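First up is the structure itself, then whatever we jot down about it.
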Amino acid sequence: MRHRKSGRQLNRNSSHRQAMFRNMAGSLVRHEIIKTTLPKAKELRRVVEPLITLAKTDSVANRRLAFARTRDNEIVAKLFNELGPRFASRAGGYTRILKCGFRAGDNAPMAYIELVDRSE
Amino acid sequence: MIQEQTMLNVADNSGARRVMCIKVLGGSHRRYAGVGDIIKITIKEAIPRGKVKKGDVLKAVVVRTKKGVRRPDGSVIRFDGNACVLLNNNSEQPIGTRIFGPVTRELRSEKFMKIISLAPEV
Amino acid sequence: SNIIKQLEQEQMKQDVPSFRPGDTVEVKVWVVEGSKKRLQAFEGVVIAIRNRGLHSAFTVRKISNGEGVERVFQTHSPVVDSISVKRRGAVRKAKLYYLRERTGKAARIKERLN
Amino acid sequence: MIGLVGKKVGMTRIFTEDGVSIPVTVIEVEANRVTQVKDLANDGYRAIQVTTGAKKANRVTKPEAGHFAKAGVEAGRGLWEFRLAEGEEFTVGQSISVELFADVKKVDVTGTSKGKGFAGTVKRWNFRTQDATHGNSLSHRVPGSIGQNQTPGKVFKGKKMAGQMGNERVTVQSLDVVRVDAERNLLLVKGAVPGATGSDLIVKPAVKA
Amino acid sequence: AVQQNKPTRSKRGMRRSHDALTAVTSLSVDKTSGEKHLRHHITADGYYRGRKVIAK
Amino acid sequence: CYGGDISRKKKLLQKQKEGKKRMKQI
RNA sequence: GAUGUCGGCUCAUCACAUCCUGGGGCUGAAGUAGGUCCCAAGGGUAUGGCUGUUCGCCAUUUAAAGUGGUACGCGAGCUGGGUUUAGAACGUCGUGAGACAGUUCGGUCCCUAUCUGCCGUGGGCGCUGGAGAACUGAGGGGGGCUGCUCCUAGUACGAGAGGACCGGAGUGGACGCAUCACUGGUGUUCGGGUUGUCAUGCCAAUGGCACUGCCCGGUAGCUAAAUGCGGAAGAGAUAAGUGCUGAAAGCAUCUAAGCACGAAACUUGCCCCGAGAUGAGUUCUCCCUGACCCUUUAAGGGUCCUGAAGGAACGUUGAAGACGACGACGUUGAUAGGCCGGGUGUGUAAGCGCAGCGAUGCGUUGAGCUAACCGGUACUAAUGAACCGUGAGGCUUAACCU
RNA sequence: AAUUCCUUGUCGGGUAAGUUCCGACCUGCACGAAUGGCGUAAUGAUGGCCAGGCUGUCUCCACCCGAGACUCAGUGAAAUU
RNA sequence: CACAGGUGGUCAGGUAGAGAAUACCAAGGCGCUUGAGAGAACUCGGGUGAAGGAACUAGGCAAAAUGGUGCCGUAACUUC
RNA sequence: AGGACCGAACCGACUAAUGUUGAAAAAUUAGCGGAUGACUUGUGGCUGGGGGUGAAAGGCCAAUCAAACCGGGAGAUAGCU
């Protein structure tokens with residue numbers, strides 16, 4: 001009956017979830033801004049931010065894990081080289097959510113999510 | 001949790017060998033039994049010389065149990081094999097004169113003085 | 001949480017040896033036949049592991065008198081009394097359950113001896 | 001007589017060194033100052049109205065802060081009444097505390113059960129399961145027949161059926177007070193009292209002997 | 001199971017008392033750029049609490 | 001089955017008795 | 001003018017002509033055990049073997065294994081074994097088609113609940129200015145079982161054998177309530193092991209796919225077989241029953257005046273619901289003290305200024321939750337996520353070094369990784385505003401006071 | 001006994017306990033020799049009974065993963081009355 | 001019906017394998033024409049289960065299990 | 001050698017679960033049987049409704065068979081509703 005659990009199911013079998021957040025988080029770290037339905041975003045913080053904290057310090061093993069997940073050389077290279085140092089000292093909170101709200105196609109709630117200081 | 005059916009090894013001589021529970025004495029509806037409970041018995045294999053024989057009916061004090069017993073510290077003995085000591089149907093008092101294997105301190109009581117007086121351990 | 005802690009820390013033995021699974025430990029628990037409170041030894045290979053704090057406890061399989069046995073011990077309980085690691089062992093697996101299934105020549109474990 | 005109002009914090013064993021492992025439930029018991037002293041002259045009956053542990057002033061509504069403005073200082077999380085008999089206690093936050101229970105031998109604690117949220121049969125009233133197989137059709141766990149054919153012509157009121165479960169009240173009675181303790185305000189009861197950790201508890205000496 | 005008689009329009013109406021839509025109450029606005037918006041949401045311009053997120 | 005007919009039943013009781021006349025004296 | 005028939009399953013409920021527990025009379029009642037009858041419906045009332053079986057026989061229990069009604073309770077809840085479809089055979093009957101309360105093998109069990117009922121949970125409104133808390137308790141439901149030794153005491157009884165009455169303590173079973181500390185189970189959201197194959201340029205090292213690929217361990221949570229608790233004691237009026245005083249009837253007479261005992265039933269005592277109890281109850285606190293105009297002039301209608309407590313809304317969420325509800329927090333802030341440290345789990349990562357021809361071992365190394373826990377930390381997100389909510393609040397009658 | 005109504009025929013085996021099962025008697029209600037009798041190794045998605053193994057069939061259910069049921073947006077039926 | 005059905009012939013890759021079984025992939029083609037949230041009963045399809053192991057039931061129905069090759073070895077009985 | 005043997009395509013239909021206003025007017029999922037033959041199948045051919053055909057169930061002949069479908073006798077008749 002659930003009490004004290006933490007883990008959204010999002011109507012997908014566990015493999016599909018893991019693959020989904022994989023491709024999705026890669027899309028996030030790549031585009032910085034991304035638009036997505038709200039529960040996915042809130043469930044996306046938990047996936048993405050730890051990668052950046054993993055990336056806060058270079059080492060061979062850290063690249064081996066950062067590549068071991070996401071499985072994409074361009075983004076793992078993009079961390080450490082770039083998004084690694086760029087978070088020189090933020091405690092966390094790398095991502096913020098911004099609810100644009102309500103996609104018209106099925107009236108699902110929506111929100112952008114982005115790295116804390118895209119700035120431009 | 002010897003329960004109904006359930007094959008039981010014998011821990012004494014008398015040579016019942018394989019054994020089966022058929023009732024659980026202890027009032028109406030009582031389900032599980034063990035540790036130092038009394039239960040009904042029908043013998044299976046039995047030794048060819050035979051202090052007893054196949055198709056005999058008896059009572060037995062369960063001794064060892066796989067599910068074990070606790071006692072206050074929270075320790076839990078768990079023997080890996082079921083066993084029971086045979087008794088005469090009326091006089092109680094086990095008909096064997098030897099006791100193989102370890103027995104529980106939990107079995108200890110007034111009339112089980114006969115059993116634990118034997119037995120190699122605990 | 002500090003709300004507990006004060007209870008648990010004052011209730012732990014600190015002298016317990018850092019035993020490791022598969023150690024051929026010998027434990028001397030207390031026992032009270034009635035008036036007497038004599039010790040009893042209990043040799044055996046360790047199979048389980050504690051790690052809850054005050055609640056921590058460890059299991060010991062033995063094989064005795066042709067009948068294998070097991071017995072958990074509450075690490076901080078007074079009744080446990082003496083606890084010696086005796087002969088050491090090495091197994092590289094946190095829970096040696098597969099021993100319950102084995103016996104005899106295959107049932108052995110070998111010294112770490114490092 | 002009066003009990004007090006505590007806060008379950010959740011379970012621990014304690015060893016009695018002669019050699020027994022006694023489970024116990026730990027309970028913080030912050031002192032419970034009174035807020036009002038209802039009596040027959042007060043239009044009603046003998047009682048006391050006590051508050052408890054600290055609550056933020058900002059949540060507190062004006063009528064509330066005014067209700068505490070009389071007599072006893074500083075609003076707690078809530079309020080509870082307790083019955084009296086020849087118990088003389090002032091309206092001033094006299095701050096009744098844990099030590100009051102030292103004389104008591106067995107106690108109560110009235111909790112607030114964990115919320116199952118659905119029950120249904122089997123989990124709730126422990127109805128027996130129907131055959132899991134041998135051709136059972138879409139009835140592996142259904143409630144089963146719920147009445148007589150016709151001459152009642154109705155399902156009787158009070159029938160046992162699916163519904164909300166738990167999250168109500170249910171007391172306990174008995175419970176040894178394994179250890180009253182001041183300078184810390186802890187109550188070591190002998191285990192198993194209703195309510196999730198951090199839920200309010202309403203403890204009283206047992207009405208039973 | 002199917003009805004033995006035909007429920008009245010008054011009955012259907014009683015069944016539809018609770019179908020009514022809820023008001024949005026107090027619509028919210030940005031303190032900088034004009035823009036009314038749902039509270040805790042981006043304004044249609046892309047403003048939110050002054051700052052201009054989403055350049056496009 | 002019972003049916004309520006009279007001759008439909010006494011045949012059965014007749015069989016039930018006719019066997020007992022043999023089984024007794026044997 | 002298809003109300004679809006035994007039995008089994010789940011789920012029940014009521015009657016007393018009561019199997020057990022409880023209370024009495026009588027005895028061919030010494031004791032224990034009995035016997036029959038009177039009162040009593042609170043609780044309890046077995047697993048199996050054989051057969052389609054309720055039944056019955058039997059094995060072994062138990063304080064006992066109650067009889068009955070409830071459409072021979074219960075198929076829009078389940079089962080289709082019996083039984084009444086079409087195939088087939090035997091025995092028998094008929095020349096024959098076929099027939100058999102004679103048998104044998106194989107045979108489609110439908111429904112999305114409108115209303116009545118029922119378990120749950122909200123919305124409106126009323127309760128006479130409004131609101132926030134806490135209660136009061138009319139009424140209602142829940143619970144009501146019992147064994148087993150030990151003590152009394154080998155005592156009364158008996159010649160013995162045997163063996164109590166009343167009165168206590170302890171300890172079990174069945175049953176309900178509650179809970180994760182223990183012991184365990186699940187834990188596809190944690191770690192390693194491994195095969196087949198594909199991919200990352202390759203070696204290495206990692207990922208996908210094969211039921212989570214096949215497994216081995218395991219945190220939180222949930223849970224029982226886990227460990228805590230529970231029936232009561234007491235008080236009222238009582239049945240059967242026994243009585244005290246005692247007339248009608250100089251005696252007698254439990255009764256007609258009167259007076260006293262008397263059981264799991266009755267009403268209280270334990271728990272829970274509970275002022276929609278429209279008879280709408282009580283207690284504490286809090287907020288509202290501005291104008292003006294038209295009449296049909298009365299609980300009148302406007303218009304202007306005014307927006308209090310509080311409410312709802314929204315956002316972050318909960319050991320609360322289908323939905324709403326209830327709880328916590330919203331920048332004076334630790335509600336969630338993140339980050340930090342621990343704990344815990346897994347069992348010596350990667351890299352490089354060394355040994356060996358090679359697998360592999362060894363050293364670095366109790367190393368890494370670590371979900372749901374704890375302890376901290378404003379890093380991200382809980383917005384500066386609006387919206388609902390009024391402006392001292394009827395008549396008469398009395399008592400106090402002007 | 002695919003035949004036996006009376007029948008849960010009697011005796012033996014097997015089970016703690018066996019209306020079915022296997023064995024034999026003959027009192028064959030109403031088997032019998034090409035609408036065949038009695039045997040039969042092999043063969044059976046055949047009838048009945050037994051035994052080892054194995055298991056949630058069960059005592060007694062428990063937890064988890066997916067699709068429904070539930071809430072939201074858009075389409076939007078039916079037996080009946 | 002833009003229906004989980006039906007329709008004859010030829011072509012036949014890589015690694016495992018006895019194979020056109022099967023698993024994984026090439027060339028090739030696909031995501032099945034409502035979505036999105038929640039994570040309660042109940043139903044459906046499955047994973048695991050402490051002690052016991054047919055006590056279930058009309059009945060071991062379903063479920064669980066055995067499962068490949070090389071050798072060693074094999075009964076009553078017979079129409080060899 | 002074989003109406004041999006284990007087993008895919010190929011034909012078949014034993015069990016159970018669903019499904020029962022289904023995805024489907026007979027199917028799906030997991031198993032099961034035959035699988036060198038009394039096989040399996042494409043393409044045309046012929047047998048006609050009191051007749052066909054039938055390894056025989058009274059089965060099959062265009063979703064219907066103890067007598068097909070369409071038309072005509074035809075407003076068959078109906079002591080019945």
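Residue names in the structure tokens use chain letters A, B, ... in the order shown, residue numbers from 1 in each chain, and ligand numbers from 1 in the order shown.
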- Message: At a cut-off of 9 Å, which residues of chain B touch chain C? Count only C-alpha atoms and give the answer as number ranges by chain.
- Response: B: 73-81, 100-102, 105, 120-122
- Show which residues sit within 10 Å of segment 168-179 of chain G, as an MDAnalysis selection string. Count only C-alpha atoms (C1' of nucleotides), and ignore same-chain residues fewer than 2 positions away. (chainID B and resid 25:31) or (chainID D and resid 11 111 113:114 125 170:172 191:196) or (chainID G and resid 44 143 145:152 181 227:230)
- Message: as a PyMOL selection string, could you give me every residue of chain A near chain G (at most 8 Å apart, counting only C-alpha atoms (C1' of nucleotides))?
- Response: chain A and resi 1-7+14+42+45-46+49+60-61+64+67-69+71+90-97+116
- Message: Would you pick out the contacts of residue 47 of chain E at 10 Å or less, using only C-alpha atoms (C1' of nucleotides), so that residues sharing its chain but fewer than 4 positions from it are not included, and give the list as a ChimeraX atom specification?
- Response: /E:30-35,37,41-43,51-55
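Residue list for chain D within 8 Å of chain I: residues 117, 118, 119, 120, 133, 134, 135, 138, 141, 142 and 162 of chain D, counting only C-alpha atoms (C1' of nucleotides).
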Would you save the residues from that selection as an mmCIF file, in the first residue's frame, using N, CA and C atoms?
data_model
loop_
_atom_site.group_PDB
_atom_site.id
_atom_site.type_symbol
_atom_site.label_atom_id
_atom_site.label_comp_id
_atom_site.auth_asym_id
_atom_site.auth_seq_id
_atom_site.Cartn_x
_atom_site.Cartn_y
_atom_site.Cartn_z
ATOM 1 N N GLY D 117 -5.999 2.114 3.772
ATOM 2 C CA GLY D 117 -6.616 2.831 2.672
ATOM 3 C C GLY D 117 -7.556 2.116 1.717
ATOM 4 N N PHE D 118 -7.878 0.852 1.965
ATOM 5 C CA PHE D 118 -8.690 0.122 0.998
ATOM 6 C C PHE D 118 -9.323 -1.136 1.546
ATOM 7 N N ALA D 119 -8.541 -1.863 2.337
ATOM 8 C CA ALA D 119 -8.882 -3.195 2.811
ATOM 9 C C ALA D 119 -9.426 -4.101 1.723
ATOM 10 N N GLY D 120 -10.743 -4.229 1.697
ATOM 11 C CA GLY D 120 -11.377 -5.277 0.933
ATOM 12 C C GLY D 120 -11.374 -6.482 1.837
ATOM 13 N N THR D 133 -7.666 -22.613 -7.709
ATOM 14 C CA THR D 133 -7.810 -23.306 -8.972
ATOM 15 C C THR D 133 -8.895 -24.371 -8.883
ATOM 16 N N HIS D 134 -8.733 -25.464 -9.622
ATOM 17 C CA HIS D 134 -9.819 -26.405 -9.869
ATOM 18 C C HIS D 134 -10.997 -25.652 -10.442
ATOM 19 N N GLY D 135 -10.701 -24.835 -11.443
ATOM 20 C CA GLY D 135 -11.719 -24.217 -12.261
ATOM 21 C C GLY D 135 -12.402 -22.984 -11.719
ATOM 22 N N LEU D 138 -12.905 -16.305 -11.884
ATOM 23 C CA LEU D 138 -12.950 -14.893 -11.552
ATOM 24 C C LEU D 138 -13.357 -14.652 -10.109
ATOM 25 N N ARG D 141 -10.662 -14.434 -4.918
ATOM 26 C CA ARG D 141 -10.499 -13.628 -3.715
ATOM 27 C C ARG D 141 -11.714 -12.742 -3.437
ATOM 28 N N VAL D 142 -12.807 -13.001 -4.141
ATOM 29 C CA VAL D 142 -14.022 -12.209 -3.971
ATOM 30 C C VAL D 142 -14.674 -12.511 -2.625
ATOM 31 N N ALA D 162 -15.976 -5.020 2.088
ATOM 32 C CA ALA D 162 -14.847 -4.171 1.713
ATOM 33 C C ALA D 162 -15.035 -2.720 2.133
#
Could you build a table of the residues in chain G lying no more than 10 Å from chain F, giving for each the nearest pair of atoms and their separation in Å rounded to one decimal place, using only C-alpha atoms (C1' of nucleotides), ordered by chain and ascending residue number, as a Markdown table?
| residue | atom | partner | partner_atom | distance |
| --- | --- | --- | --- | --- |
| G:6 | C1' | F:1 | CA | 9.9 |
| G:83 | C1' | F:1 | CA | 9.5 |
| G:101 | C1' | F:1 | CA | 6.5 |
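Using only C-alpha atoms (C1' of nucleotides), we find that the part of chain E lying within 7 Å of chain G comprises residues 1, 2, 3, 25, 26, 39 and 40 of chain E.
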Written selection (N, CA and C atoms) as a JSON list (two decimals), in the first residue's frame:
[["chain", "number", "residue", "atom", "x", "y", "z"],
["E", 1, "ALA", "N", -26.70, -6.11, -15.29],
["E", 1, "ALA", "CA", -27.92, -5.57, -14.72],
["E", 1, "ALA", "C", -28.42, -4.40, -15.54],
["E", 2, "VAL", "N", -29.73, -4.34, -15.76],
["E", 2, "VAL", "CA", -30.31, -3.26, -16.54],
["E", 2, "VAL", "C", -31.64, -2.81, -15.94],
["E", 3, "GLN", "N", -31.93, -1.51, -16.05],
["E", 3, "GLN", "CA", -33.03, -0.85, -15.37],
["E", 3, "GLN", "C", -34.39, -1.45, -15.69],
["E", 25, "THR", "N", -10.76, 31.10, -10.23],
["E", 25, "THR", "CA", -10.56, 32.05, -9.14],
["E", 25, "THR", "C", -9.75, 33.25, -9.60],
["E", 26, "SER", "N", -8.76, 33.62, -8.81],
["E", 26, "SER", "CA", -7.95, 34.80, -9.10],
["E", 26, "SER", "C", -6.84, 34.52, -10.09],
["E", 39, "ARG", "N", -0.94, 31.11, -12.02],
["E", 39, "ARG", "CA", 0.03, 31.30, -10.96],
["E", 39, "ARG", "C", 0.98, 30.11, -10.93],
["E", 40, "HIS", "N", 2.23, 30.37, -10.59],
["E", 40, "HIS", "CA", 3.29, 29.37, -10.68],
["E", 40, "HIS", "C", 3.47, 28.86, -12.11]]
Could you build a table of the residues in chain C lying no more than 12 Å from chain G, giving for each the nearest pair of atoms and their separation in Å rounded to one decimal place, using only C-alpha atoms (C1' of nucleotides), ordered by chain and ascending residue number, as CSV?
residue,atom,partner,partner_atom,distance
C:1,CA,G:374,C1',6.0
C:2,CA,G:375,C1',8.5
C:3,CA,G:374,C1',11.1
C:4,CA,G:374,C1',11.1
C:5,CA,G:374,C1',11.0
C:18,CA,G:366,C1',11.9
C:20,CA,G:366,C1',10.6
C:21,CA,G:347,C1',11.1
C:48,CA,G:217,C1',10.6
C:49,CA,G:345,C1',11.2
C:50,CA,G:344,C1',10.7
C:51,CA,G:344,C1',7.7
C:52,CA,G:344,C1',8.1
C:53,CA,G:343,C1',9.4
C:54,CA,G:181,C1',10.2
C:55,CA,G:182,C1',7.7
C:56,CA,G:182,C1',10.0
C:57,CA,G:182,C1',10.0
C:59,CA,G:183,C1',11.6
C:71,CA,G:183,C1',11.4
C:72,CA,G:183,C1',9.5
C:73,CA,G:183,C1',11.5
C:74,CA,G:182,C1',9.6
C:90,CA,G:347,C1',11.3
C:91,CA,G:347,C1',9.4
C:92,CA,G:347,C1',5.9
C:93,CA,G:347,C1',5.9
C:94,CA,G:347,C1',6.5
C:95,CA,G:217,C1',6.6
C:96,CA,G:217,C1',9.3
C:97,CA,G:217,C1',9.3
C:98,CA,G:216,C1',9.3
C:114,CA,G:362,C1',10.7
- Message: So that I can see what lies close to residue 23 of chain A, please list as a ChimeraX atom specification the residues with an atom at most 12 Å from it, counting only C-alpha atoms (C1' of nucleotides) and leaving out residues fewer than 2 positions away in the same chain.
- Response: /A:16-21,25-30,44,47-48,69-72,75
Go ahead and write the selection's residues with N, CA and C atoms as a compact mmCIF listing (two decimals), in the first residue's frame.
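Final output, part11.txt:
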# COMPACT_ATOMS: atom_id res chain seq x y z
N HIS A 16 12.09 -0.18 -19.88
CA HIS A 16 11.69 0.95 -20.71
C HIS A 16 11.93 2.25 -19.98
N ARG A 17 11.75 2.24 -18.67
CA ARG A 17 12.04 3.43 -17.89
C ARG A 17 13.51 3.76 -17.98
N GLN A 18 14.35 2.76 -17.74
CA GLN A 18 15.77 3.03 -17.68
C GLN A 18 16.28 3.54 -19.02
N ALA A 19 15.81 2.94 -20.10
CA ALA A 19 16.20 3.40 -21.43
C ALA A 19 15.67 4.81 -21.69
N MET A 20 14.49 5.09 -21.16
CA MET A 20 13.83 6.36 -21.42
C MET A 20 14.56 7.50 -20.75
N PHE A 21 14.86 7.35 -19.47
CA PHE A 21 15.60 8.39 -18.77
C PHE A 21 17.01 8.48 -19.29
N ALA A 25 17.84 12.11 -20.46
CA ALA A 25 18.88 12.85 -19.76
C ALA A 25 20.00 13.23 -20.70
N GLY A 26 20.27 12.37 -21.68
CA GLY A 26 21.27 12.75 -22.66
C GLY A 26 20.78 13.95 -23.44
N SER A 27 19.48 13.96 -23.75
CA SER A 27 18.91 15.10 -24.46
C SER A 27 18.97 16.37 -23.62
N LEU A 28 18.85 16.22 -22.31
CA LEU A 28 18.87 17.36 -21.41
C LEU A 28 20.24 17.97 -21.29
N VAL A 29 21.22 17.12 -21.03
CA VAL A 29 22.58 17.60 -20.86
C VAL A 29 23.07 18.16 -22.19
N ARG A 30 22.53 17.66 -23.29
CA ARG A 30 22.93 18.17 -24.59
C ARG A 30 22.30 19.51 -24.95
N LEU A 44 13.20 13.52 -13.47
CA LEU A 44 14.42 13.69 -14.26
C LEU A 44 15.51 14.34 -13.44
N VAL A 47 17.67 11.73 -11.87
CA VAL A 47 18.57 11.04 -12.78
C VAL A 47 19.74 11.92 -13.18
N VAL A 48 19.45 13.17 -13.55
CA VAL A 48 20.49 14.00 -14.15
C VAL A 48 21.50 14.57 -13.18
N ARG A 69 26.99 4.67 -17.98
CA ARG A 69 25.61 5.10 -18.13
C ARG A 69 25.53 6.07 -19.30
N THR A 70 24.34 6.22 -19.87
CA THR A 70 24.08 7.04 -21.06
C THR A 70 24.71 6.50 -22.34
N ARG A 71 25.86 5.84 -22.21
CA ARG A 71 26.48 5.16 -23.34
C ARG A 71 26.67 6.04 -24.57
N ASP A 72 27.12 7.27 -24.36
CA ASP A 72 27.26 8.20 -25.47
C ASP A 72 28.51 9.06 -25.31
N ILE A 75 28.46 13.16 -25.02
CA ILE A 75 27.95 13.83 -23.83
C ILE A 75 28.85 13.57 -22.64
- Query: So which residues touch residue 58 of chain H within 10 Å, counting only C-alpha atoms (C1' of nucleotides), skipping near sequence neighbours fewer than 4 positions away, as a PyMOL selection string?
  - Reply: (chain D and resi 131-132) or (chain I and resi 53-56)
- Query: Of the candidates A:84, A:109, A:50, A:101, which one gets nearest to chain I if we count only C-alpha atoms (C1' of nucleotides)?
  - Reply: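 For chain I, the nearest of the given residues is A:109.
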- Residue list (strand (DSSP E), DSSP) for segment 78-181 of chain D, as a ChimeraX atom specification: /D:80-83,177-181
If you keep N, CA, C and O atoms, can you produce a file of those selected residues as a PDB file, in the first residue's frame?
ATOM      1  N   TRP D  80      -5.901  18.575  24.407  1.00  0.00           N
ATOM      2  CA  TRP D  80      -6.628  17.376  24.786  1.00  0.00           C
ATOM      3  C   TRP D  80      -7.220  17.542  26.171  1.00  0.00           C
ATOM      4  O   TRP D  80      -6.566  18.073  27.065  1.00  0.00           O
ATOM      5  N   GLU D  81      -8.458  17.099  26.355  1.00  0.00           N
ATOM      6  CA  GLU D  81      -9.025  17.077  27.692  1.00  0.00           C
ATOM      7  C   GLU D  81      -8.752  15.767  28.407  1.00  0.00           C
ATOM      8  O   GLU D  81      -8.549  14.730  27.782  1.00  0.00           O
ATOM      9  N   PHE D  82      -8.755  15.827  29.733  1.00  0.00           N
ATOM     10  CA  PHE D  82      -8.652  14.629  30.551  1.00  0.00           C
ATOM     11  C   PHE D  82      -9.539  14.722  31.782  1.00  0.00           C
ATOM     12  O   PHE D  82      -9.660  15.781  32.397  1.00  0.00           O
ATOM     13  N   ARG D  83     -10.155  13.596  32.126  1.00  0.00           N
ATOM     14  CA  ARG D  83     -11.106  13.522  33.226  1.00  0.00           C
ATOM     15  C   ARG D  83     -10.411  13.557  34.577  1.00  0.00           C
ATOM     16  O   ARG D  83      -9.247  13.187  34.695  1.00  0.00           O
ATOM     17  N   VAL D 177       5.203  -0.347  32.249  1.00  0.00           N
ATOM     18  CA  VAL D 177       6.096   0.784  32.117  1.00  0.00           C
ATOM     19  C   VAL D 177       7.511   0.342  32.482  1.00  0.00           C
ATOM     20  O   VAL D 177       7.956   0.436  33.624  1.00  0.00           O
ATOM     21  N   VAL D 178       8.209  -0.172  31.481  1.00  0.00           N
ATOM     22  CA  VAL D 178       9.512  -0.767  31.705  1.00  0.00           C
ATOM     23  C   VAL D 178      10.491   0.269  32.221  1.00  0.00           C
ATOM     24  O   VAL D 178      11.356  -0.050  33.037  1.00  0.00           O
ATOM     25  N   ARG D 179      10.340   1.518  31.787  1.00  0.00           N
ATOM     26  CA  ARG D 179      11.189   2.559  32.361  1.00  0.00           C
ATOM     27  C   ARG D 179      10.704   3.995  32.146  1.00  0.00           C
ATOM     28  O   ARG D 179      10.833   4.551  31.054  1.00  0.00           O
ATOM     29  N   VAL D 180      10.131   4.581  33.194  1.00  0.00           N
ATOM     30  CA  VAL D 180       9.949   6.024  33.256  1.00  0.00           C
ATOM     31  C   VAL D 180      11.314   6.671  33.313  1.00  0.00           C
ATOM     32  O   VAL D 180      12.186   6.193  34.030  1.00  0.00           O
ATOM     33  N   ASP D 181      11.510   7.764  32.584  1.00  0.00           N
ATOM     34  CA  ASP D 181      12.769   8.482  32.703  1.00  0.00           C
ATOM     35  C   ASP D 181      12.611   9.982  32.500  1.00  0.00           C
ATOM     36  O   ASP D 181      12.092  10.447  31.481  1.00  0.00           O
TER      37      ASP D 181
END
Would you pick out the contacts of residue 85 of chain C at 8 Å or less, using only C-alpha atoms (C1' of nucleotides), so that residues sharing its chain but fewer than 3 positions from it are not included, and give the list as a tab-separated table (two decimals) with C-alpha atoms, in the first residue's frame?
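Writing the result to result-v8.tsv gives the following:
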chain	number	residue	atom	x	y	z
C	17	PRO	CA	36.29	-9.16	18.17
C	19	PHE	CA	34.93	-11.50	13.33
C	23	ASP	CA	35.76	-17.77	10.85
C	24	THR	CA	35.70	-21.00	12.80
C	25	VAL	CA	34.55	-19.16	15.91
C	26	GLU	CA	34.00	-20.65	19.33
C	88	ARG	CA	40.20	-18.06	10.63
- Report as a ChimeraX atom specification: the residues of chain E with a DSSP assignment of alpha helix (DSSP H), based on the backbone of this structure. /E:9-15
- Task: Kindly give the distance, in Å, that separates atom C1' of residue 13 of chain G and atom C1' of residue 80 of chain G, rounded to a single decimal.
- Result: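 It comes out at 27.9 Å.
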- Message: Give me, as a ChimeraX atom specification, the residues of chain A touching chain H, with the criterion being at most 7 Å (counting only C-alpha atoms (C1' of nucleotides)).
- Response: /A:13,106-107
- Skip segment 41-52 of chain H itself and residues of its chain fewer than 3 positions away, then list as a PyMOL selection string all residues within 7 Å of it, counting only C-alpha atoms (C1' of nucleotides). (chain G and resi 105) or (chain H and resi 21) or (chain I and resi 77-79) or (chain J and resi 14+32-33)
Convert the current residue selection to file output with C-alpha atoms (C1' of nucleotides), as a PDB file, in the first residue's frame.
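Output contents, as saved in selection19.pdb:
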ATOM      1  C1'   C G 105     -17.199 -43.648 -20.586  1.00  0.00           C
TER       2        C G 105
ATOM      3  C1'   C H  21      -8.733 -50.632  -6.329  1.00  0.00           C
TER       4        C H  21
ATOM      5  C1'   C I  77       6.981 -60.746 -20.315  1.00  0.00           C
ATOM      6  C1'   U I  78       6.842 -62.073 -25.660  1.00  0.00           C
ATOM      7  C1'   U I  79       4.204 -62.878 -31.310  1.00  0.00           C
TER       8        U I  79
ATOM      9  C1'   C J  14      -6.917 -33.522 -26.139  1.00  0.00           C
ATOM     10  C1'   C J  32      -0.689 -31.882 -26.837  1.00  0.00           C
ATOM     11  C1'   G J  33      -1.281 -35.606 -31.442  1.00  0.00           C
TER      12        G J  33
END
Restrict the calculation to only C-alpha atoms (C1' of nucleotides), then for each residue of chain E with any atom at most 6 Å from an atom of chain H give the closest atom pair and their distance in Å to one decimal, rows by chain and rising residue number, as JSON lines.
{"residue": "E:2", "atom": "CA", "partner": "H:80", "partner_atom": "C1'", "distance": 5.7}
{"residue": "E:4", "atom": "CA", "partner": "H:81", "partner_atom": "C1'", "distance": 5.8}
{"residue": "E:5", "atom": "CA", "partner": "H:81", "partner_atom": "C1'", "distance": 4.8}
{"residue": "E:6", "atom": "CA", "partner": "H:81", "partner_atom": "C1'", "distance": 5.3}
